[PDB]
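Line by line, the protein sequences are chains A and B. Read in order, the letters of the first sequence correspond to residues 4 to 244 in PDB author numbering. Read in order, the letters of the second sequence correspond to residues 4 to 236 in PDB author numbering. Ideal Cβ positions, reconstructed from N, Cα and C, are used throughout, including at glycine. Quick notes on the structure that follows.
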Amino acid sequence: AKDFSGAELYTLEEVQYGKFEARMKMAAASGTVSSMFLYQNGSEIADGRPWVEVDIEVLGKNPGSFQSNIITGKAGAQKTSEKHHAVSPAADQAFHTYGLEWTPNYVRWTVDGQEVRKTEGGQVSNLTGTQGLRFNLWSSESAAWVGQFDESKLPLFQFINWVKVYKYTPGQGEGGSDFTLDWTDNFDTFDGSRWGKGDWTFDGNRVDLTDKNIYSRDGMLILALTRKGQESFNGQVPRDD
Amino acid sequence: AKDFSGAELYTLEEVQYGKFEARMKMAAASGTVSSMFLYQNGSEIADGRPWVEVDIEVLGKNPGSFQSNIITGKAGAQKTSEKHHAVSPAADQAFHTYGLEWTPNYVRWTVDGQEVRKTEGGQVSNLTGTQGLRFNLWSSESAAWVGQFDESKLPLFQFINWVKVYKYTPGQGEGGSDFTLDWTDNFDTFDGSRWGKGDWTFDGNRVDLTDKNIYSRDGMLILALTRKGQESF
Ligand SMILES: OC[C@H]1O[C@@H](O[C@H]2[C@H](O)[C@@H](O)[C@H](O[C@@H]3[C@@H](O)[C@H](O)O[C@H](CO)[C@H]3O)O[C@@H]2CO)[C@H](O)[C@@H](O)[C@@H]1O
Ligand SMILES: OC[C@H]1O[C@@H](O[C@H]2[C@H](O)[C@@H](O)[C@H](O[C@@H]3[C@@H](O)[C@H](O)O[C@H](CO)[C@H]3O)O[C@@H]2CO)[C@H](O)[C@@H](O)[C@@H]1O
Ligand SMILES: [Ca+2]
Ligand SMILES: [Ca+2]
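Written out as structure tokens, the structure reads:
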């Protein structure tokens, strides 16, 4: 119903705790949102249930950094902790390995193996239940947050070379770390037994998420942001050297 | 049911860190508490969770001063640091801009741009999680803290002209600070998608907080402390 088409990739199943990494190059342009996040499905329901989410979001107007966030509390009464972390090279000019770690005690954010943020206690204590690993591309109506939507830069693409999901195994990981490699997806194709393609929208989103904007090419999964009814990738997949 | 009615204004959302300012004129009478504070809702639950809160409280016994405080620890076993700072002219006699800065390193209180207190580390290292911005008007049953309640001075009103909330953006702040203005509310109207009205009470509070005592008139949010039944003006 809206004038633009975005996309959202998500694990069919959710999990309690773990380490999640994704090798990707973000899409950026004033007004857009390119992300990677853990999400407890149903959090948007306003029946009093809590909200559980952890984010990494590249705000289009500033590809030089990404926003970190944990969302607890509940629909209509959120509790947030937005922070900004520089990235070099910019999110849309190079591939970076973004990591997300979640345990009952902390949530950690890493870029190319380096920690950029670690929250202990507080909101982490309310990240109850399970969360699934998600990635979406869209545009926000809040111009103050992401900037005015620059429609002319479209179509835009977010490339994910691979994803690695780990289990929470405190102190038993390499070097006494807290995680163990569970499954890896090199995206040589789309795995419908593992991932799902979003086809919905939410308040504040200028676009409609569609399965038409998620596909693989040359070993990479691509999320596309295109004008409504202009969904295609005839371009070329960058190389992750 | 208490014999008096108070009021509390609070943001529906909570955040981690930031700057909070409020242009106000406080209520003051012996035994009353007129305030502005950061609060981690749920802190009052004695289930083991920690207590997180930063206060600014005008004790009715002395309107020419206000009490600062950081509450940590937990319900039934709090860690406090009550301190008192002079305010001129008295808080109930003029408008002052009260500021509250909360970062992971310190918490700073300001009156009209002037720093009246700054706490680094210590309790500040224990202000984990998020907090909402709140304001209330009530009366305490602790005589030594606020003084015997002087009913004859009712109704009392606390006026809030405007509120500004800033995000903690270290290094990329405005005006040479680590803060970026997020939102403002001149209170020309009451924004229910932003604020909530208290409708409870607690031990030591001789009043019941009610939506009946919160309203906006001529670009100003008003908090009233009146005897139960007479809530208006
Ligand atoms: O709206 C119906 C649809 O909702 C999906 O869940 C949405 C949810 O509604 C959104 O609020 C949420 O938005 C995230 C923000 O909370 C966060 O600040 O930023 C991230 C990154 O941009 C946002 O995605 O997104 C989820 C997922 O799209 C349900 O999954 C779906 O079943 C339901 O039909
Ligand atoms: O009692 C149920 C009700 O509690 C609200 O939280 C209260 C809490 O119970 C009070 O202890 C607290 O008191 C504050 C003092 O700790 C501080 O020294 O000074 C401030 C300002 O003078 C006091 O308000 O206040 C909070 C907020 O009213 C919960 O928010 C509510 O959900 C619950 O139903
Ligand atoms: Ca690949
Ligand atoms: Ca005003």
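Checklist line | Closer than 8 Å to chain A by CB, residue 57 of chain B | finding: Not one chain A Cβ lies under 8 Å of residue 57 of chain B.
Note to self: Looking only at its chain, what residues have a beta carbon closer than 7 Å to the beta carbon of residue 97 of chain B, apart from the 5 residues adjacent to it on each side?
What the structure shows: 28
Check: How many angstroms separate the CA atom of residue 13 of chain B from the CA atom of residue 136 of chain B?
Finding: 6 Å
Check: Over what stretch of residues does the beta strand (DSSP E) that includes residue 112 of chain A continue unbroken?
Finding: 109-114
Checklist line | For residue 50 of chain A, the three-state DSSP class (helix, strand or coil) | finding: coil
Item checked: Environment of residue 172 of chain B [buried if 16+ CB atoms lie within 10 Å] -> buried
Margin query: Check for me: the beta strand (DSSP E) holding residue 36 of chain B runs from which residue to which?
Written below: 35-42
Notebook entry, point to check: residue 221 of chain B and residue 213 of chain B: beta carbons closer than 8 Å?
Noted result: no
Notebook entry, point to check: Any chance the segment 35-43 of chain A sits against the segment 132-146 of chain A, with 3 or more Cβ pairs inside 8 Å?
Noted result: yes
Notebook entry, point to check: DSSP three-state call for residue 149 of chain B: helix, strand or coil?
Noted result: Helix.
Check: Taking the continuous beta strand (DSSP E) assigned at residue 235 of chain A, which residues delimit it?
Finding: No beta strand (DSSP E) contains residue 235 of chain A, which DSSP labels as neither H nor E.
Next item on the list: With 8 Å as the threshold, decide whether the Cβ of residue 88 of chain A is near any Cβ in chain B.
Entry: no
Notebook entry, point to check: Are residue 71 of chain B and residue 86 of chain B touching if we call contact CB-CB under 8 Å?
Noted result: A contact, by the Cβ cut-off of 8 Å.
Notebook entry, point to check: Is any heavy atom of ligand 3 found at a distance shorter than 7 Å from the C-beta of residue 39 of chain B?
Noted result: In this structure, the C-beta of residue 39 of chain B stays at least 7 Å away from each heavy atom of ligand 3.
Next item on the list: Consult DSSP for residue 117 of chain B and reduce its assignment to one of helix, strand or coil.
Entry: Three-state result, residue 117 of chain B: strand.
Notebook entry, point to check: For residue 69 of chain B, which residues does DSSP report across the bridge?
Noted result: B:88
Checklist line | Residues of the segment 28-54 of chain A with Cβ closer than 9 Å to any Cβ of chain B, in chain order | finding: none
Margin query: Please classify residue 58 of chain B as buried or exposed, where buried requires at least 16 neighbouring CB atoms within 10 angstroms.
Written below: buried
Next item on the list: Check distances from the C-beta atoms of the segment 123-156 of chain B to those of chain A and list, in chain order, the residues that come in under 7 Å.
Entry: 131, 132, 133
Margin query: Report the start-end ranges of each alpha helix (DSSP H) in the segment 134-208 of chain B that is 4 residues or longer and not cut off at the edges.
Written below: 146-149
Check: Using a C-beta cutoff of 8 Å, does residue 204 of chain A count as contacting chain B?
Finding: no
Note to self: Does the CB of residue 97 of chain A have a neighbour CB from chain B at under 8 Å?
What the structure shows: For residue 97 of chain A, no CB of chain B lies under 8 Å from its own CB, so it is not counted at the interface with that chain.
Check: Given that residue 83 of chain A touches chain B, what residues does it touch there, using C-beta distances under 9 Å?
Finding: 16, 17, 18, 19, 133
Next item on the list: Would you check if the distance between the CB atom of residue 228 of chain A and the CB atom of residue 210 of chain A is smaller than 8 Å?
Entry: yes
Next item on the list: Quick one: measure Cβ to Cβ for residue 41 of chain A and residue 103 of chain A, integer angstroms, because I've assumed they're closer than 8 Å.
Entry: 6 Å
Checklist line | residue 105 of chain B CB to nearest heavy atom of ligand 2 below 7 Å | finding: No.
Checklist line | Local conformation of residue 210 of chain A per DSSP, three classes | finding: strand
Notebook entry, point to check: Hey, does residue 187 of chain B have any beta-carbon neighbour from chain A nearer than 8 Å?
Noted result: no
Next item on the list: May I have the straight-line CA-CA distance separating residue 166 of chain A from residue 73 of chain A, to the nearest angstrom?
Entry: 21 Å
Margin query: Considering only heavy atoms of ligand 5, does any lie closer than 7 Å to the CB of residue 23 of chain B?
Written below: Here the bound small molecules are ligand 1, ligand 2, ligand 3 and ligand 4; ligand 5 is not part of this structure.
Checklist line | CB contact below 8 Å: residue 79 of chain A versus chain B | finding: yes
Next item on the list: Can you tell me the Cβ-Cβ gap for residue 46 of chain A and residue 78 of chain A, rounded? I've got them flagged as a contact below 8 Å.
Entry: 7 Å
Margin query: I want to see whether chain A comes within less than 8 Å of residue 75 of chain B, judged by CB atoms only; does it?
Written below: By this cut-off, residue 75 of chain B is not an interface position.
Check: Does the Cβ of residue 189 of chain B lie closer than 7 Å to at least one heavy atom of ligand 3?
Finding: no
Next item on the list: Measure from the alpha carbon of residue 60 of chain A to the alpha carbon of each residue in A:177, A:115, A:18, A:30, then state which is nearest.
Entry: A:30
Notebook entry, point to check: So is the beta-carbon of residue 198 of chain B under 7 Å away from any non-hydrogen atom of ligand 1?
Noted result: no
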